[PDB]
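Inspection log for the structure reproduced underneath, given as structure tokens.
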Amino acid sequence: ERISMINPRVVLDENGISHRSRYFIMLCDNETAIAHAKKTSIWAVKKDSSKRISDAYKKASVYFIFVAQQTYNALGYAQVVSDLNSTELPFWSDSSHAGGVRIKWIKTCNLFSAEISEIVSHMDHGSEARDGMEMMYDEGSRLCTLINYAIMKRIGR
RNA sequence: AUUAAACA
């Protein structure tokens with residue numbers, strides 16, 4: 001079996017994934033989409049990653065972590081709070097999208113962290129993250145913590 | 001406070 005190095009109580013599968021809590025990266029190259037998602041709390045899910053995301057959502061809490069494609073700036077993270085909906089597409093989607101999901105924003109931001117950029121840079125077996133991919137429990141945990149730290153360091157609070 | 005959740 002396999003052990004979280006962040007919280008060893010968390011049971012992981014052989015891919016480093018927790019079946020209780022699962023994390024996907026959304027690499028953002030479209031300012032209209034992320035701003036609309038920040039306003040409305042709806043995200044359009046790509047066909048290429050929809051089945052894995054809906055499979056995850058059967059039993060786990062599912063989170064999307066938003067990163068800017070060109071800079072690897074963190075843009076925030078959100079919990080998925082509905083099933084995928086073929087008839088809830090936001091205006092900005094296209095036929096590359098499967099449907100919309102409601103999200104609950106946890107954090108929103110636009111900032112650079114060297115550690116976040118490193119994690120994203122190596123997320124795919126040592127190579128750059130792919131949009132929509134599922135990351136390991138420890139990657140998702142550490143990214144949430146790093147986003148929370150950067151925003152706390154702002155407020156500061 | 002824009003205080004991750006889960007696990008306990």
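Chain letters run A, B, ... following the sequence lines, proteins first, then strands; residues in each count from 1.
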Check your understanding: Does any pair with a residue in residues 116-125 of chain A pass salt bridge (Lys or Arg N to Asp or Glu O under 4.0 Å), and if so which ones, sequence neighbours excluded?
Key -> A:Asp124-A:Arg130
Exercise for review: Within residues 28-42 of chain A, find the residues that approach RNA chain B with a heavy atom at under 4.0 Å, and present them sorted by residue number.
Suggested key: none
Check your understanding: Going by the side chain to side chain donor-acceptor pair (under 3.5 Å) test, which pairs reach into residues 146-157 of chain A, not counting sequence neighbours?
Key -> A:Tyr77-A:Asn148, A:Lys107-A:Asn148
Exercise for review: For A:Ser141, enumerate each residue passing the side-chain hydrogen bond (donor to acceptor under 3.5 Å, both in side chains) test, keeping only those at least two apart in sequence or located in another chain.
Suggested key: A:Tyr137
Point to revise | Proximity to RNA chain B (any heavy atom under 4.0 Å), residues of residues 129-136 of chain A only | key: none
Check your understanding: Which pairs, with at least one residue in residues 58-85 of chain A and sequence neighbours excluded, count as a salt bridge (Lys or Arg N to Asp or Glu O under 4.0 Å)?
Key -> none
**Study point:** Per-nucleotide protein contact string for nucleotides 3-8 of chain B (B base, S sugar-phosphate only, - none; heavy atom under 4.0 Å)
**Key:** SBBBBB
**Study point:** Qualifying residues under side-chain contact (heavy atoms from CB on, under 4.5 Å), relative to A:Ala150, sequence neighbours excluded
**Key:** A:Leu111
Practice item. Can you sort out the partners of A:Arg142 under salt bridge (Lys or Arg N to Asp or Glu O under 4.0 Å), two or more places apart, ordered by chain and number? Key: A:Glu115
Review point. Can you list the residues that meet the salt bridge (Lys or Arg N to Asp or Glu O under 4.0 Å) rule with A:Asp131, with sequence neighbours excluded?
Key: none
**Study point:** Partners meeting salt bridge (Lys or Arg N to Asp or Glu O under 4.0 Å) with A:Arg52 (sequence neighbours left out)
**Key:** A:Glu134
Review point. Side chains of A:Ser96 and A:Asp94: do they bring a donor and an acceptor to under 3.5 Å?
Key: yes
Point to revise | Test salt bridge (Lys or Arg N to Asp or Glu O under 4.0 Å) applied to A:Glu139 - qualifying residues, sequence neighbours left out | key: none
